[PDB]
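Listing of upload-v5.cif; format and content: mmCIF, N, CA and C atoms.
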data_protein
#
loop_
_atom_site.group_PDB
_atom_site.id
_atom_site.type_symbol
_atom_site.label_atom_id
_atom_site.label_comp_id
_atom_site.auth_asym_id
_atom_site.auth_seq_id
_atom_site.Cartn_x
_atom_site.Cartn_y
_atom_site.Cartn_z
ATOM 1 N N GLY A 1686 -6.104 12.526 9.369
ATOM 2 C CA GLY A 1686 -6.549 12.583 7.989
ATOM 3 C C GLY A 1686 -6.817 11.202 7.430
ATOM 4 N N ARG A 1687 -5.944 10.740 6.541
ATOM 5 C CA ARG A 1687 -6.133 9.438 5.919
ATOM 6 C C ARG A 1687 -5.695 8.399 6.928
ATOM 7 N N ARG A 1688 -6.483 7.349 7.099
ATOM 8 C CA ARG A 1688 -6.175 6.381 8.140
ATOM 9 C C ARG A 1688 -5.548 5.088 7.635
ATOM 10 N N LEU A 1689 -4.643 4.556 8.450
ATOM 11 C CA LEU A 1689 -3.952 3.307 8.165
ATOM 12 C C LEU A 1689 -4.811 2.114 8.563
ATOM 13 N N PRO A 1690 -4.724 1.016 7.797
ATOM 14 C CA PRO A 1690 -5.378 -0.207 8.258
ATOM 15 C C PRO A 1690 -4.535 -0.788 9.387
ATOM 16 N N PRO A 1691 -5.124 -1.638 10.234
ATOM 17 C CA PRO A 1691 -4.358 -2.298 11.299
ATOM 18 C C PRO A 1691 -3.247 -3.214 10.771
ATOM 19 N N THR A 1692 -2.111 -3.258 11.469
ATOM 20 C CA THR A 1692 -1.061 -4.225 11.159
ATOM 21 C C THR A 1692 -1.495 -5.564 11.764
ATOM 22 N N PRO A 1693 -1.536 -6.628 10.941
ATOM 23 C CA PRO A 1693 -2.193 -7.897 11.302
ATOM 24 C C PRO A 1693 -1.511 -8.789 12.350
ATOM 25 N N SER A 1694 -1.502 -10.091 12.064
ATOM 26 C CA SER A 1694 -0.944 -11.111 12.953
ATOM 27 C C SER A 1694 0.538 -11.475 12.794
ATOM 28 N N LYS A 1695 0.893 -12.076 11.659
ATOM 29 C CA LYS A 1695 2.237 -12.621 11.464
ATOM 30 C C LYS A 1695 2.633 -12.669 9.980
ATOM 31 N N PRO A 1696 3.930 -12.435 9.693
ATOM 32 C CA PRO A 1696 4.469 -12.041 8.388
ATOM 33 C C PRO A 1696 4.046 -12.817 7.147
ATOM 34 N N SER A 1697 4.240 -14.133 7.124
ATOM 35 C CA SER A 1697 4.033 -14.911 5.902
ATOM 36 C C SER A 1697 2.984 -16.004 6.078
ATOM 37 N N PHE B 1317 12.641 6.283 -7.783
ATOM 38 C CA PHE B 1317 11.593 5.332 -7.427
ATOM 39 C C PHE B 1317 12.166 4.159 -6.625
ATOM 40 N N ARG B 1318 11.427 3.706 -5.624
ATOM 41 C CA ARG B 1318 11.874 2.579 -4.822
ATOM 42 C C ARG B 1318 10.907 1.417 -4.981
ATOM 43 N N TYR B 1319 11.411 0.206 -4.762
ATOM 44 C CA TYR B 1319 10.571 -0.988 -4.762
ATOM 45 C C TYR B 1319 10.275 -1.440 -3.349
ATOM 46 N N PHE B 1320 9.008 -1.764 -3.114
ATOM 47 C CA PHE B 1320 8.586 -2.345 -1.853
ATOM 48 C C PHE B 1320 7.919 -3.669 -2.194
ATOM 49 N N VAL B 1321 8.044 -4.655 -1.311
ATOM 50 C CA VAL B 1321 7.365 -5.924 -1.527
ATOM 51 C C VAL B 1321 6.223 -6.049 -0.534
ATOM 52 N N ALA B 1322 5.068 -6.474 -1.030
ATOM 53 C CA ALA B 1322 3.898 -6.629 -0.188
ATOM 54 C C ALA B 1322 4.078 -7.807 0.765
ATOM 55 N N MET B 1323 3.845 -7.571 2.050
ATOM 56 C CA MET B 1323 3.967 -8.631 3.045
ATOM 57 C C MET B 1323 2.606 -9.251 3.317
ATOM 58 N N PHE B 1324 1.553 -8.580 2.863
ATOM 59 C CA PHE B 1324 0.199 -9.034 3.153
ATOM 60 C C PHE B 1324 -0.710 -8.828 1.953
ATOM 61 N N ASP B 1325 -1.759 -9.644 1.841
ATOM 62 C CA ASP B 1325 -2.826 -9.376 0.873
ATOM 63 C C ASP B 1325 -3.556 -8.119 1.332
ATOM 64 N N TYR B 1326 -3.968 -7.251 0.407
ATOM 65 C CA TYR B 1326 -4.724 -6.064 0.815
ATOM 66 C C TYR B 1326 -5.840 -5.715 -0.167
ATOM 67 N N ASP B 1327 -7.073 -5.795 0.322
ATOM 68 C CA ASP B 1327 -8.262 -5.448 -0.438
ATOM 69 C C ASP B 1327 -8.971 -4.301 0.249
ATOM 70 N N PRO B 1328 -8.680 -3.073 -0.191
ATOM 71 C CA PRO B 1328 -9.195 -1.825 0.383
ATOM 72 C C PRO B 1328 -10.719 -1.768 0.493
ATOM 73 N N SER B 1329 -11.422 -2.532 -0.336
ATOM 74 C CA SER B 1329 -12.874 -2.599 -0.261
ATOM 75 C C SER B 1329 -13.348 -3.112 1.084
ATOM 76 N N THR B 1330 -12.643 -4.114 1.594
ATOM 77 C CA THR B 1330 -13.068 -4.835 2.785
ATOM 78 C C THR B 1330 -12.144 -4.639 3.979
ATOM 79 N N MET B 1331 -10.994 -4.020 3.740
ATOM 80 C CA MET B 1331 -9.934 -3.947 4.743
ATOM 81 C C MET B 1331 -9.507 -2.521 5.040
ATOM 82 N N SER B 1332 -9.960 -1.569 4.233
ATOM 83 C CA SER B 1332 -9.557 -0.192 4.463
ATOM 84 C C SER B 1332 -10.578 0.524 5.329
ATOM 85 N N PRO B 1333 -10.079 1.290 6.308
ATOM 86 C CA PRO B 1333 -10.863 2.149 7.201
ATOM 87 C C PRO B 1333 -11.300 3.425 6.520
ATOM 88 N N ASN B 1334 -10.829 3.609 5.288
ATOM 89 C CA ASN B 1334 -11.151 4.773 4.476
ATOM 90 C C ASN B 1334 -12.282 4.400 3.546
ATOM 91 N N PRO B 1335 -13.419 5.093 3.672
ATOM 92 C CA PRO B 1335 -14.567 4.715 2.847
ATOM 93 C C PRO B 1335 -14.301 4.937 1.365
ATOM 94 N N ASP B 1336 -13.290 5.742 1.049
ATOM 95 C CA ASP B 1336 -12.907 6.008 -0.333
ATOM 96 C C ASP B 1336 -11.735 5.135 -0.784
ATOM 97 N N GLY B 1337 -11.213 4.311 0.122
ATOM 98 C CA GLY B 1337 -10.002 3.544 -0.129
ATOM 99 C C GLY B 1337 -10.048 2.670 -1.371
ATOM 100 N N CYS B 1338 -11.252 2.282 -1.763
ATOM 101 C CA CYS B 1338 -11.420 1.383 -2.889
ATOM 102 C C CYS B 1338 -10.991 2.014 -4.216
ATOM 103 N N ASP B 1339 -11.137 3.328 -4.325
ATOM 104 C CA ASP B 1339 -10.751 4.021 -5.546
ATOM 105 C C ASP B 1339 -9.362 4.644 -5.451
ATOM 106 N N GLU B 1340 -8.913 4.918 -4.230
ATOM 107 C CA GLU B 1340 -7.666 5.649 -4.026
ATOM 108 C C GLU B 1340 -6.518 4.811 -3.434
ATOM 109 N N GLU B 1341 -6.820 3.671 -2.817
ATOM 110 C CA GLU B 1341 -5.751 2.819 -2.290
ATOM 111 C C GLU B 1341 -5.534 1.592 -3.169
ATOM 112 N N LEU B 1342 -4.263 1.292 -3.409
ATOM 113 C CA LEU B 1342 -3.872 0.193 -4.271
ATOM 114 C C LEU B 1342 -4.209 -1.168 -3.661
ATOM 115 N N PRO B 1343 -4.711 -2.088 -4.499
ATOM 116 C CA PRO B 1343 -4.941 -3.491 -4.139
ATOM 117 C C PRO B 1343 -3.705 -4.354 -4.405
ATOM 118 N N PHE B 1344 -3.322 -5.214 -3.460
ATOM 119 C CA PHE B 1344 -2.189 -6.115 -3.681
ATOM 120 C C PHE B 1344 -2.212 -7.411 -2.857
ATOM 121 N N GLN B 1345 -1.616 -8.458 -3.424
ATOM 122 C CA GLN B 1345 -1.355 -9.728 -2.739
ATOM 123 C C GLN B 1345 0.096 -9.815 -2.255
ATOM 124 N N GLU B 1346 0.379 -10.736 -1.336
ATOM 125 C CA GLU B 1346 1.756 -10.945 -0.878
ATOM 126 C C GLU B 1346 2.712 -11.306 -2.002
ATOM 127 N N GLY B 1347 3.860 -10.635 -2.027
ATOM 128 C CA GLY B 1347 4.880 -10.916 -3.018
ATOM 129 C C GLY B 1347 4.887 -9.941 -4.170
ATOM 130 N N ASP B 1348 3.817 -9.164 -4.280
ATOM 131 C CA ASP B 1348 3.707 -8.135 -5.307
ATOM 132 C C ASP B 1348 4.765 -7.050 -5.099
ATOM 133 N N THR B 1349 5.382 -6.588 -6.187
ATOM 134 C CA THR B 1349 6.385 -5.527 -6.081
ATOM 135 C C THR B 1349 5.807 -4.202 -6.557
ATOM 136 N N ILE B 1350 5.921 -3.190 -5.709
ATOM 137 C CA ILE B 1350 5.280 -1.912 -5.960
ATOM 138 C C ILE B 1350 6.300 -0.811 -6.224
ATOM 139 N N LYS B 1351 6.037 -0.064 -7.288
ATOM 140 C CA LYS B 1351 6.825 1.088 -7.696
ATOM 141 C C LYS B 1351 6.415 2.269 -6.840
ATOM 142 N N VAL B 1352 7.233 2.657 -5.869
ATOM 143 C CA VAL B 1352 6.852 3.758 -4.986
ATOM 144 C C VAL B 1352 7.654 5.002 -5.340
ATOM 145 N N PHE B 1353 6.955 6.124 -5.469
ATOM 146 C CA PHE B 1353 7.569 7.382 -5.873
ATOM 147 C C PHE B 1353 7.565 8.374 -4.709
ATOM 148 N N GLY B 1354 8.702 9.008 -4.438
ATOM 149 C CA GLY B 1354 8.764 9.965 -3.344
ATOM 150 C C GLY B 1354 8.915 9.294 -1.990
ATOM 151 N N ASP B 1355 8.403 9.940 -0.946
ATOM 152 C CA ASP B 1355 8.524 9.417 0.407
ATOM 153 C C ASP B 1355 7.164 9.085 0.985
ATOM 154 N N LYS B 1356 7.180 8.461 2.157
ATOM 155 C CA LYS B 1356 5.971 8.185 2.918
ATOM 156 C C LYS B 1356 5.313 9.518 3.250
ATOM 157 N N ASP B 1357 3.990 9.595 3.152
ATOM 158 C CA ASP B 1357 3.321 10.843 3.499
ATOM 159 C C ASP B 1357 3.048 10.854 5.003
ATOM 160 N N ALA B 1358 2.506 11.956 5.506
ATOM 161 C CA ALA B 1358 2.241 12.114 6.938
ATOM 162 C C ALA B 1358 1.236 11.115 7.488
ATOM 163 N N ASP B 1359 0.415 10.571 6.599
ATOM 164 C CA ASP B 1359 -0.633 9.643 6.989
ATOM 165 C C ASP B 1359 -0.082 8.229 7.111
ATOM 166 N N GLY B 1360 1.068 7.986 6.493
ATOM 167 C CA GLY B 1360 1.730 6.698 6.592
ATOM 168 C C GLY B 1360 1.620 5.895 5.316
ATOM 169 N N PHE B 1361 1.252 6.572 4.241
ATOM 170 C CA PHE B 1361 1.031 5.929 2.956
ATOM 171 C C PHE B 1361 2.106 6.288 1.932
ATOM 172 N N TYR B 1362 2.468 5.332 1.086
ATOM 173 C CA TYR B 1362 3.297 5.608 -0.088
ATOM 174 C C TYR B 1362 2.470 5.917 -1.349
ATOM 175 N N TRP B 1363 3.086 6.585 -2.317
ATOM 176 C CA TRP B 1363 2.463 6.775 -3.631
ATOM 177 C C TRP B 1363 3.146 5.921 -4.668
ATOM 178 N N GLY B 1364 2.366 5.096 -5.348
ATOM 179 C CA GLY B 1364 2.962 4.195 -6.301
ATOM 180 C C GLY B 1364 2.076 3.589 -7.361
ATOM 181 N N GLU B 1365 2.680 2.699 -8.140
ATOM 182 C CA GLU B 1365 2.028 2.093 -9.282
ATOM 183 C C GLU B 1365 2.162 0.573 -9.221
ATOM 184 N N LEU B 1366 1.099 -0.125 -9.602
ATOM 185 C CA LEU B 1366 1.107 -1.581 -9.650
ATOM 186 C C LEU B 1366 0.095 -2.011 -10.697
ATOM 187 N N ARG B 1367 0.565 -2.787 -11.673
ATOM 188 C CA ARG B 1367 -0.243 -3.244 -12.802
ATOM 189 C C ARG B 1367 -0.874 -2.076 -13.564
ATOM 190 N N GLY B 1368 -0.076 -1.036 -13.792
ATOM 191 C CA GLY B 1368 -0.490 0.121 -14.568
ATOM 192 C C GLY B 1368 -1.400 1.115 -13.869
ATOM 193 N N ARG B 1369 -1.732 0.837 -12.613
ATOM 194 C CA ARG B 1369 -2.612 1.690 -11.808
ATOM 195 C C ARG B 1369 -1.881 2.364 -10.650
ATOM 196 N N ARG B 1370 -2.226 3.620 -10.376
ATOM 197 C CA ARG B 1370 -1.649 4.336 -9.236
ATOM 198 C C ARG B 1370 -2.623 4.654 -8.104
ATOM 199 N N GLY B 1371 -2.100 4.631 -6.883
ATOM 200 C CA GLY B 1371 -2.895 4.805 -5.683
ATOM 201 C C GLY B 1371 -2.022 4.795 -4.444
ATOM 202 N N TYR B 1372 -2.655 4.778 -3.278
ATOM 203 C CA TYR B 1372 -1.933 4.842 -2.011
ATOM 204 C C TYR B 1372 -1.712 3.473 -1.376
ATOM 205 N N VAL B 1373 -0.579 3.336 -0.695
ATOM 206 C CA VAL B 1373 -0.173 2.070 -0.106
ATOM 207 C C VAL B 1373 0.224 2.252 1.348
ATOM 208 N N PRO B 1374 -0.455 1.543 2.263
ATOM 209 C CA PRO B 1374 -0.093 1.622 3.684
ATOM 210 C C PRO B 1374 1.277 1.002 3.960
ATOM 211 N N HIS B 1375 2.107 1.725 4.700
ATOM 212 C CA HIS B 1375 3.500 1.348 4.863
ATOM 213 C C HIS B 1375 3.663 0.091 5.704
ATOM 214 N N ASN B 1376 2.688 -0.171 6.564
ATOM 215 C CA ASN B 1376 2.764 -1.304 7.468
ATOM 216 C C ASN B 1376 2.411 -2.607 6.751
ATOM 217 N N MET B 1377 2.264 -2.536 5.432
ATOM 218 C CA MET B 1377 1.883 -3.699 4.641
ATOM 219 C C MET B 1377 3.006 -4.093 3.689
ATOM 220 N N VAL B 1378 3.986 -3.202 3.542
ATOM 221 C CA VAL B 1378 5.064 -3.372 2.568
ATOM 222 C C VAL B 1378 6.442 -3.219 3.207
ATOM 223 N N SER B 1379 7.452 -3.791 2.562
ATOM 224 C CA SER B 1379 8.830 -3.600 2.993
ATOM 225 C C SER B 1379 9.729 -3.152 1.843
ATOM 226 N N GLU B 1380 10.474 -2.081 2.100
ATOM 227 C CA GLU B 1380 11.440 -1.504 1.169
ATOM 228 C C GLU B 1380 12.580 -2.448 0.826
ATOM 229 N N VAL B 1381 12.936 -2.517 -0.453
ATOM 230 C CA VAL B 1381 14.098 -3.301 -0.857
ATOM 231 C C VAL B 1381 15.351 -2.443 -0.717
#
Can you present the structure in this file as structure tokens?
Amino acid sequence: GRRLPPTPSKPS
Amino acid sequence: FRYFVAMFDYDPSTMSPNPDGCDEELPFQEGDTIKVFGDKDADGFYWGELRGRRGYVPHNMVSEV
């Protein structure tokens, strides 16, 4: 259904 | 209601895989605190409010306090 964006590179 | 803190900048116009995300997904910068109501939905999104506006928030972008 609704899609998630990709989890990126690194936290901060 | 729970608070989550944004770990990433998020602009649904340019970053959301959902062509409707611009009207239905919340925009946020890192450090923003989001009022989340209820639980994560099956899609992986929270429901919440930020700066008087409500919309959907991807869980992989925020962390629960």
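Selection result for the displayed file, with the PyMOL selection byres ((chain B and name CA) within 9 of (chain A and name CA)) as criterion, is residues 1323, 1324, 1328, 1331, 1332, 1333, 1334, 1346, 1358, 1359, 1360, 1361, 1374, 1375, 1376 and 1377 of chain B.
Across the structure, atom C of residue 1337 of chain B and atom N of residue 1319 of chain B are spaced 21.9 Å apart.
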- Run DSSP on the backbone of this structure and report the residues of segment 1319-1371 of chain B it assigns to helix (DSSP H, G or I), as a VMD selection string. chain B and resid 1328 to 1331 1337 to 1340
- Message: Since I can't run it myself right now, could you work out what the PyMOL selection byres (((chain B and resi 1351 and name CA) around 9) and name CA) selects here and report it as an NGL selection string?
- Response: :B and (1317-1320 or 1349-1350 or 1352-1353 or 1363-1366)
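Taking atom C of residue 1326 of chain B as the reference point, atom C of residue 1343 of chain B is found at 4.9 Å.
One finds atom CA of residue 1370 of chain B at 14.9 Å from atom CA of residue 1355 of chain B.
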Hey, could you pull the box centre and edge lengths for segment 1353-1367 of chain B, axis-aligned, 6 Å padding per side, all listed atoms, to one decimal in Å, as AutoDock Vina command-line options?
--center_x 4.0 --center_y 4.4 --center_z -3.0 --size_x 21.8 --size_y 27.4 --size_z 33.1
